[PDB]
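Student: Experimental structure and sequence below, a few questions after.
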Amino acid sequence: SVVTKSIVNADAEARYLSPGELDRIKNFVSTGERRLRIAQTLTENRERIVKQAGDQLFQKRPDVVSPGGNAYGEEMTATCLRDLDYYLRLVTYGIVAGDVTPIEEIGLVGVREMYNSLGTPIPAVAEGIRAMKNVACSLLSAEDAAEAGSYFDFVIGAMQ
Amino acid sequence: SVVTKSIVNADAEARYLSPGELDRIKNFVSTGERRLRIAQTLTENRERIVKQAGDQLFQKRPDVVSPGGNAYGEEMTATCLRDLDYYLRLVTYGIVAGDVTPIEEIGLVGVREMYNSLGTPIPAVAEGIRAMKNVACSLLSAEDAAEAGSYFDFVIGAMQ
Amino acid sequence: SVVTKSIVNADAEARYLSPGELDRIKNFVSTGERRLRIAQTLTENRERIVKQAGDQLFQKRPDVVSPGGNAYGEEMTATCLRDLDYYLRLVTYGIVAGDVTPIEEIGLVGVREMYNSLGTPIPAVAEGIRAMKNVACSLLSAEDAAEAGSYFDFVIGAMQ
Amino acid sequence: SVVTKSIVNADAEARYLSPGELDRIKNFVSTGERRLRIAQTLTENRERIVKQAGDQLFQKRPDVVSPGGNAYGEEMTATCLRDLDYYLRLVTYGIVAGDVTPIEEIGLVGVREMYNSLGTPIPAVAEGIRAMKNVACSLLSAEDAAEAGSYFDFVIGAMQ
Amino acid sequence: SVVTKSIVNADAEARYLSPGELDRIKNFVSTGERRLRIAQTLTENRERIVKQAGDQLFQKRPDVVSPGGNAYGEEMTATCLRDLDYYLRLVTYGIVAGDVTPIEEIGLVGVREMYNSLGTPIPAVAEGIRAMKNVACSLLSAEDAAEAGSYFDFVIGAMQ
Amino acid sequence: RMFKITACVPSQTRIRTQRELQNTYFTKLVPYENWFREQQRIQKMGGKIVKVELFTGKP
Amino acid sequence: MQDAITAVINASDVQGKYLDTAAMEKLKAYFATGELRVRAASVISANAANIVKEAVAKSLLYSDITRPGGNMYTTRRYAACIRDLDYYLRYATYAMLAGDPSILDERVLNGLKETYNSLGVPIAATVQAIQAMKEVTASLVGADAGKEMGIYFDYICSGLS
Amino acid sequence: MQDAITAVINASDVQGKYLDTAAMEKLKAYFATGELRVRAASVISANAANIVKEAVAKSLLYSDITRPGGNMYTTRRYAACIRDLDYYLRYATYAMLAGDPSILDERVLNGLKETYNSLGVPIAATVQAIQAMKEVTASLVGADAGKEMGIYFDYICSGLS
Amino acid sequence: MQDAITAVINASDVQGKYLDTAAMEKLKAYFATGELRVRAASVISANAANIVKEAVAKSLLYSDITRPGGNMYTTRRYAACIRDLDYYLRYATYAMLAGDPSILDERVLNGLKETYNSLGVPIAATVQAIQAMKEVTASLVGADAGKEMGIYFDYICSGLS
Amino acid sequence: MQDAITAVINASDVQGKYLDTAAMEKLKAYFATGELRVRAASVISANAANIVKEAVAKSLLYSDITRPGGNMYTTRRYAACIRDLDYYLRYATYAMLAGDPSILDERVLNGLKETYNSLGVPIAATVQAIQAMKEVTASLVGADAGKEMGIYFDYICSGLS
Amino acid sequence: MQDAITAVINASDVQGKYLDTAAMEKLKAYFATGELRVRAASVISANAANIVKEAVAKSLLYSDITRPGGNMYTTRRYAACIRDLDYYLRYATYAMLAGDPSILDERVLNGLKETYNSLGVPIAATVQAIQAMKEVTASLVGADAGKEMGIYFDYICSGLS
Amino acid sequence: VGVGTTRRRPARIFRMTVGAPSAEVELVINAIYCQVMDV
Ligand SMILES: CCC1=C(C)/C(=C/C2=NC(=C\c3[nH]c(/C=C4\NC(=O)[C@H](C)[C@H]4CC)c(C)c3CCC(=O)O)/C(CCC(=O)O)=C2C)NC1=O
Ligand SMILES: CCC1=C(C)/C(=C/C2=NC(=C\c3[nH]c(/C=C4\NC(=O)[C@H](C)[C@H]4CC)c(C)c3CCC(=O)O)/C(CCC(=O)O)=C2C)NC1=O
Ligand SMILES: CCC1=C(C)/C(=C/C2=NC(=C\c3[nH]c(/C=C4\NC(=O)[C@H](C)[C@H]4CC)c(C)c3CCC(=O)O)/C(CCC(=O)O)=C2C)NC1=O
Ligand SMILES: CCC1=C(C)/C(=C/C2=NC(=C\c3[nH]c(/C=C4\NC(=O)[C@H](C)[C@H]4CC)c(C)c3CCC(=O)O)/C(CCC(=O)O)=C2C)NC1=O
Ligand SMILES: CCC1=C(C)/C(=C/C2=NC(=C\c3[nH]c(/C=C4\NC(=O)[C@H](C)[C@H]4CC)c(C)c3CCC(=O)O)/C(CCC(=O)O)=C2C)NC1=O
Ligand SMILES: CCC1=C(C)/C(=C/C2=NC(=C\c3[nH]c(/C=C4\NC(=O)[C@H](C)[C@H]4CC)c(C)c3CCC(=O)O)/C(CCC(=O)O)=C2C)NC1=O
Ligand SMILES: CCC1=C(C)/C(=C/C2=NC(=C\c3[nH]c(/C=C4\NC(=O)[C@H](C)[C@H]4CC)c(C)c3CCC(=O)O)/C(CCC(=O)O)=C2C)NC1=O
Ligand SMILES: CCC1=C(C)/C(=C/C2=NC(=C\c3[nH]c(/C=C4\NC(=O)[C@H](C)[C@H]4CC)c(C)c3CCC(=O)O)/C(CCC(=O)O)=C2C)NC1=O
């Protein structure tokens, strides 16, 4: 959580939580309801969101799904969709958290090494997350899209 | 500033600003006018608050106020009040900034050494800060008093 | 070089090379003529090897030469051939040295960073290196191919 | 072993064995039969070489054999000769291994401290090793003597 | 000086000189007159003590004086005597100063390596120093001999 | 007695993501005994010794 | 470390399922508690030093522990005792805001009992002092805040003993 | 480091006086520009790799620097060049968020010329590359963000000296 | 330090005896099979990445281990898992070149079981992954060399279990 | 670093002869003066804090330097200023006890003027305050001790230079 | 560092060209002289201590430098004088065997002149000692080996310059 | 029984590095004391 990140900084500083840090925690408390509503919308439209994102990503880079590609074949394409779904669930967790702390520990630490080992293309994965961001903006309110887009954007940058 | 602290952490991590950290800066932008209004009120009532808090501090620590204390005589008491006024101005600057780091640079560094060099009592300085907090609560709105009280509480810890 | 690596160990020890280390230097001296002969063959047939290896790499990984691949178009494909030629010449320099250290200093340190930034697939570049090794095996004697294959394989591992 | 020393360096560098290191191992294995033949010849003539070298060392350093020297009396001289015999066996082991590491582990680690504790003269011990080296070079075949000379020279340097 | 060494420790503590340390310095001020008188006697008898110690050292190590030794020949023996006299003068300077550390800094630091370069035996040098110590004890008063013995013991430790 | 020495060492082996300019070019003070090991260590790293100076008054 | 929200997120990740209604209300409970938590944290920081002083006065001051040979009968020993109590208080305030005991387990209560034992400092004396600090803290923070602060401080005391 | 608010605070501290109304107006202007600056920084992070790629290609692709003996003709040098360029972009981006270039000048522009002189890198060629990156960054971010980014990049160009 | 030739030398040193005929024969066998071992080791290093990829595909992937809550569910755990297999292979190939199983016990198997138990890694899953690597390595190395590699791989598995 | 006796010894060592009778006489006179110097030095250490406070009151109190922007008009600046004065006093006390100001010049005065000039602290103003402190310290210590204090203050004047 | 082959490779890399016949001839000269150089280097290693002793005596036998005030007139000073020459000899032997002097210049010569200037030690006196070491090493190793040792010693003399 | 992400995740710590002169320099100073000496 944002509180968790502030606590880590405070523990390093060896000082009680700063007044401004507590103020941001108060803001997180205020925005808990709005963040939960946005996360509920994403979870509700989960299947359609990542389905459209998968079509967009395969259209953008057809060699991911073509013969000789990493996800060539139905089973591997489904596995690629699962990896995207893992990322989508992490983004929903992060939107609830209000901080990048949830995602960073899951899918943003060593992810490049794991993807290189399996053989999947890191740039194509990043584009898939971008396609998800566009779909989410379509399926969410304007300011809801801004916040959700921010969390999505950190995920995309991590892939880079 | 709050931006300065967040950017310092991000620079140490060598990462572009996280989505949550950027949100914290955006919150600072949203509440900047309200923070400035509170700071303007503090500056407007600065003289009256100084007088009232000085009376309360003298009541709390009569020995320092009396001859044979650090504030022995009108001149010594005036110098003590001038130092307290500098503290109050620094508190106003910190409240406007939203981060206590500027106030810490102004007064917290080597505060024990300065008080020991003067010979004056640090606990009495802290009591004066508490009197200022009560006056500020009287002269501020409830939401404003809480934030001002938090900055003043950091000042109390600095006095200790 | 073998002498260079021995010099590094000797520099830390501040001690003369042991009899085994001197024996390693003597072995390199004994096989210097063999290294020069292998380099003569490789340099003489270098251009033909480059063109043959390009054909093999394009067959194995047609995505690179496909539309949307890095080497799409004559100019990009020529750049791919030039990059492969730089790698092959570096391999020749390393073979003459007798150690992979000269090749590692010239390139393959940060090669992942550079090629990934350029946008060409690291696995496809590695496949091209493998094709070059196969062509060298065809065009060289088995004993020379053993050493040349070893240095090639070091390049392949660094690419991985 | 020489391969063992190379493996130690590779493990410290956290890299698989270098192609040059593998070539060193191949050369050592190819020359291993001759190395052990030379070592067996040294072991076969060890006793006679020891006697001749001991006489030469006593001639070069009569004072050590005489009263007022470390090897004062027959018993002290015998203990001196026994230490020399152990060193000779260690030298044979090092020559067989192809690396000075076995000899270094057996002796020359803290050997200066041992000599200082006993009072025996390090320069005289070094001269005795040199006399043994000269006799052994004469005793062995030219190719074997060349390798034996290098190992003995390392021992002489450790003595000095 | 001893006071200087105490001052160095006090500077490392970054505090004024310890009460007991200052008392010790005052005792040294009183002891300076006795140190000066004893040192004057030692300087007066320095040449005679050097000659007697040299004769005793020659008796102890006839082989060193004889051919095949470090002092073999008049020139080598004269250089040996000059080194002994220089060490004796340094010992007198250290005793006068009252600080063993000044003597150690001036000489006897790496003295074993210096003796190794000269080729002379450290034990034989030590025996010569011991003979000088006995002569100095006889020449000086009993109180002076006690301090001279301590300085000689430090020299003996340096020799060993 | 100590020496003020400034040397610059290129970080060729590790292309460090974290800010390393301060390590790349630095000015430090080392004790006279420390200077032997430090100069050898900087030479082992391969960094060029920009300057050697003596803070102590007497050589 | 962990938070209430972070711990629910961890549990959901273990399950492998997107936010459930149960997840929503657990998170919402933390969201509701946030106001109480932050107000109490400000009070705790303001009166932190006074809290330590009150606790030791109520429990260990003017006792044999303070008297010679009582593990607190030196200027250094007394300062160390106050320091360790402040360490526990600060980490406990952190943990109260966080809502989870992971912070206390990870930092506050790691090897502390064994180190205290080998030193010879009384675990029971520390536990009594911690309970006294809990009473003082609950009074200062308020009834609702005192209940939560009690839970976190209870974890520290129980782990120590 | 320093920020815009910190710079106003430093001026007020040097004066020894409470903040003036005109100084407060300057702070209000910073608060007004903060929203656009923050969104621009988020955009910069998302497209950072694309910005680096385009700028590098415009600056030195198919050039003598890439060609043998051009000082960017080693793989290590190529990677190091990208690393230095990315560091320049990132530090300047943080300074753009602050609104004050003092942090960038102190953190990145201290001793950079001497280090580059020892390295042998062409500072002028790097400055041309940085200007090209400024053009690309302005294009991606927009006009309002480009103007501030251009000012920060101009400060970087001054530091190139 | 222990190697095959070095261990023969060390045993002889403990005896103090000059080289025996049996010691010469054992050392000769090491000299004799060094050629096959060396060639296979080079092949292993060249195809090291493919081997660990094949091993996780054959044993550790597409199962509950990599599905949620399986100690590989997160990217950090996955990266550590492939790294652990890579280290296992690297020190195993070191030891295979050396010819002596003692080296792996010195480094790979010193406290490894205790560390894995503490962290919660499945010992059995690691053993089966090692066996899967053994099959892949045998395929690439060939039967004669793979049999030698298999013995030292199996020693690593025995240490784990 | 060099003591007074050590300096005489160093001269004799360079000469290659035993210490001269005149040098011995100088050492004896140094011991005789050192007894009185040591007693006064103990007095100086006891009242060191009071001496520092008196000098600060003489110059720094109610001064433009104390006024904002005066290079001592900060909490950190004030702590540093008092600390620098105290450090100078301690080093001078060591120099007076030794009888040689070489140590103070070697460390305290080694580039201190250059560093202060770079900092912008007024070296001459600090020297004037130090001279006032030296006068007061000399009066308290005594005439003979004031002579030693004068030598230390002369070294301080050189440090101002 | 560099070697003969490595230096040829560096020149070829700057050129960007394939291996040249003239470069092959230069490398062949290095290979042809390598065997004799290796045998000679082994001899230099065996008699390294004796060579250092002989050179030290030649330059400094009852020398004024050894006499008090001569800058080598201490136990520490004499040991340091021996140590520097020994290190120079070892590095020079490695450089002579390698056939390239750049490594010797970088490791030893870089900063040595500045350190010697700060110490005040006589570079010319050290150069005379180095020449004596070159003569003794040439005598022991042989004329052909002395030519290579002479080249390394000439580089050392240039470093003294 | 599924292990959460906190399965030896948090052992790492914040890294303190020197920089331009500021009050944070004493925070770096505090860290040096805090680690080299066991406060
Ligand atoms: C062996 C070293 C050592 C010392 C010295 C020590 C002192 C010490 N002094 C105490 C109290 C105290 N100390 C003072 C001290 C003073 N009040 C004044 O007005 C004066 C200026 C001054 C003394 C001259 C006071 C007032 C208390 C009682 C505090 C209270 O409970 O209100 C206490 C707490 C009560 C207790 O003993 O339980 C301790 C432990 N403890 C130690 O282990
Ligand atoms: C994981 C966090 C953490 C803990 C828990 C910790 C405890 C800790 N307490 C210690 C000692 C100590 N702790 C106390 C504390 C007490 N004295 C009393 O009367 C009370 C019963 C009690 C607490 C109120 C004392 C007296 C010492 C020994 C001080 C000494 O004599 O040197 C020491 C030994 C080093 C020292 O002297 O400070 C440690 C490491 N350190 C840590 O990093
Ligand atoms: C001496 C060591 C060294 C190397 C190797 C090196 C590589 C290198 N590769 C480049 C580009 C490139 N590299 C490739 C590579 C490939 N595309 C593919 O499809 C294939 C899989 C693959 C080669 C077989 C391509 C396509 C470009 C051009 C990118 C572009 O222009 O958009 C460039 C930039 C353009 C230029 O050369 O100016 C460099 C510098 N630089 C060096 O200093
Ligand atoms: C605070 C941020 C920061 C900066 C700016 C910085 C600069 C910097 N650039 C470096 C290297 C380098 N920088 C370049 C750069 C270039 N070569 C070219 O042809 C181009 C014109 C240019 C890039 C635009 C090269 C080639 C090196 C490697 C030099 C070497 O060691 O061989 C190094 C040496 C250490 C290393 O390898 O990283 C530093 C310290 N360091 C920092 O911490
Ligand atoms: C919590 C972090 C985390 C993630 C995300 C994760 C994903 C993940 N993706 C996998 C496979 C895969 N991932 C891809 C990925 C792609 N192929 C494409 O064409 C696209 C460009 C792209 C995705 C959009 C493919 C093709 C495979 C199957 C590989 C194969 O079997 O050939 C595998 C290995 C097979 C398995 O599930 O056992 C894992 C573990 N694991 C994790 O611990
Ligand atoms: C910007 C940060 C900053 C501060 C705050 C500061 C304070 C400061 N306080 C001073 C003295 C003083 N401070 C006090 C303080 C007090 N005496 C009491 O009885 C009370 C309990 C208390 C205040 C309410 C007194 C009495 C003096 C005069 C000392 C004396 O002459 O006896 C002085 C020396 C006189 C002078 O101003 O020249 C300074 C500089 N300096 C700074 O740079
Ligand atoms: C001020 C401190 C200091 C000392 C002590 C010192 C000693 C010193 N002793 C030397 C030689 C020597 N030292 C000895 C010593 C001895 N041989 C024996 O048989 C005896 C057991 C023993 C003396 C009691 C001999 C024989 C030489 C001459 C060796 C030679 O150079 O051939 C030399 C080399 C020749 C020269 O003076 O240039 C030095 C420098 N140097 C110093 O700077
Ligand atoms: C890479 C190899 C290397 C070199 C070359 C080097 C130079 C070097 N020589 C030094 C000292 C020294 N070097 C000498 C050398 C001499 N005095 C003489 O009279 C002779 C003419 C001459 C020898 C031939 C002396 C006397 C010192 C000590 C200086 C002193 O404190 O007086 C020191 C000071 C630290 C120390 O005590 O070692 C360095 C760093 N450091 C190195 O790591």
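Tutor: Noted; the coordinates are in hand. Residues are numbered from 1 along each chain as shown, chains lettered A, B, ... in the order given. Ligands and ions are numbered 1, 2, ... in the order given.

Student: Every contact and neighbour count from this point should use C-alpha atoms.
Tutor: Will do.

Student: Grab the most central residue of chain A for me.
Tutor: Note on chain A: the residue nearest the mean C-alpha position is residue A:91, at 3.3 Å, using Cα atoms, centre = their mean.

Student: And that one, how close does it get to chain G?
Tutor: Counting by Cα to the nearest Cα, to the nearest Å, the gap from residue A:91 to chain G is 10 Å.

Student: residues in contact with that residue?
Tutor: Applying Cα atoms under 8 Å, 6 or more residues apart in numbering or on different chains, we find residue A:91 in contact with A:103, A:151-152, A:155.

Student: Where does the most centrally placed residue in chain G sit, in terms of helix or strand?
Tutor: Nearest to the geometric centre of chain G sits residue G:92, at 2.7 Å (Cα atoms, centre = their mean). Here residue G:92, judged by DSSP states H and E, is contained in helix G:75-98.

Student: what about that helix, near ligand 2?
Tutor: Yes: applying Cα under 6 Å from any ligand atom, one finds helix G:75-98 touching ligand 2 at G:77, G:80-82, G:84-85.

Student: Mind putting those residues into CSV with neighbour count and distance to ligand 1?
Tutor: CSV is the format used below for the residues of helix G:75-98 next to ligand 2 (neighbours: other Cα atoms under 10 Å in any protein chain shown; distance: Cα to the nearest ligand atom, whole Å):
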residue, neighbour count, distance to ligand 1
G:77, 14, 7
G:80, 13, 11
G:81, 17, 11
G:82, 16, 11
G:84, 13, 16
G:85, 20, 15
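
Student: of all the residues you listed, which two lie farthest apart?
Tutor: Using Cα to Cα, the residues of helix G:75-98 next to ligand 2 span at most 12.4 Å, a distance reached by G:77 and G:85.

Student: Does whichever strand or helix holds residue A:152 reach chain I?
Tutor: Take DSSP H and E as the rule and residue A:152 turns out to sit in helix A:142-159. No: figure legend: helix A:142-159 not in contact with chain I (Cα under 8 Å from any Cα of the partner chain); closest approach 12.0 Å.

Student: so, in contact with ligand 5 or not, that helix?
Tutor: No: on the criterion Cα under 6 Å from any ligand atom, helix A:142-159 is out of touch with ligand 5, staying 10.9 Å away.

Student: which secondary structure element contains residue F:50?
Tutor: strand F:48-54.

Student: Ok, residue F:7 next?
Tutor: Take DSSP H and E as the rule and residue F:7 turns out to sit in strand F:2-8.

Student: With residue G:43 instead?
Tutor: Using DSSP H and E, residue G:43 sits within helix G:21-46.

Student: So for that helix, what gets flagged as buried?
Tutor: G:23-24, G:27-28, G:30-31, G:33-34, G:37-46 (16 or more other Cα atoms under 10 Å in any protein chain shown).

Student: now swap in stretch G:142-151 and tell me
Tutor: Residues of stretch G:142-151 classed as buried: G:145-146, G:148-151 (neighbour count, 16+ other Cα under 10 Å).

Student: Over to stretch F:13-28?
Tutor: For stretch F:13-28, the neighbour count (16+ other Cα under 10 Å) marks F:15, F:19, F:21-22, F:25 as buried.

Student: Next step: these restricted to strands.
Tutor: residue F:25 (DSSP state E).

Student: Now the residue of chain L found nearest chain A. Nearest residue, chain neighbours left out?
Tutor: Closest residue of chain L to chain A, Cα to the nearest Cα: residue L:14 (6.6 Å). Excluding the flanking residues, the one nearest residue L:14 by Cα to Cα, 6 or more residues apart in numbering or on different chains is residue A:12, at 6.6 Å.

Student: give me the element the one you found is part of.
Tutor: Using DSSP H and E, residue A:12 falls in helix A:2-13.

Student: Leaving out chain neighbours, which residue sits closest to residue 5?
Tutor: Picked chain A for this. In this structure, residue A:5 finds its nearest non-sequential neighbour in residue A:101, 6.9 Å apart by Cα to Cα, 6+ apart.

Student: wrong chain, I was asking about chain G
Tutor: residue G:27 (5.6 Å).

Student: in terms of contact, does the one you found touch residue G:6 like I think?
Tutor: No: contact criterion Cα atoms under 8 Å: residue G:27 and residue G:6 do not qualify, at 9.1 Å.

Student: picking up where we left off before, next, the angle from whichever strand or helix holds the residue nearest to the centre of chain A to helix G:21-46.
Tutor: Applying DSSP H and E as the criterion places residue A:91 in helix A:74-97. Between helix A:74-97 and helix G:21-46, the angle comes out at 40 degrees (axes from the mean of the first three to the mean of the last three Cα atoms, to 10 degrees).

Student: quick check, helix A:74-97 touching ligand 5?
Tutor: Yes: judged by Cα under 6 Å from any ligand atom, helix A:74-97 and ligand 5 are in contact via A:76, A:79-81, A:83-84, A:86.

Student: Just the buried residues of that helix, please?
Tutor: In helix A:74-97, counting by 16+ other Cα under 10 Å, buried: A:77, A:80-81, A:84-97.

Student: Going by proximity to ligand 7, name the top residue of chain F.
Tutor: Nearest residue of chain F to ligand 7: residue F:59, at 17.2 Å (Cα to the nearest ligand atom).

Student: how about the nearest residue to that residue, chain neighbours excluded?
Tutor: residue K:119 (5.4 Å).

Student: What is the neighbour count of that neighbour?
Tutor: 15 (other Cα atoms under 10 Å in any protein chain shown).

Student: how close does it get to residue F:6?
Tutor: Separation of residue K:119 from residue F:6 (Cα to Cα, to the nearest Å): 17 Å.

Student: so what's the residue in chain L that chain J sits nearest to up against?
Tutor: Nearest residue of chain L to chain J: residue L:23, at 8.9 Å (Cα to the nearest Cα). In this structure, residue L:23 makes contact with B:105, B:109, judged by Cα under 8 Å, 6+ apart.

Student: Tell me the spacing between it and chain D.
Tutor: Counting by Cα to the nearest Cα, the gap from residue L:23 to chain D is 40 Å.

Student: can you check residue G:144 too?
Tutor: According to Cα to the nearest Cα, residue G:144 and chain D sit 56 Å apart.
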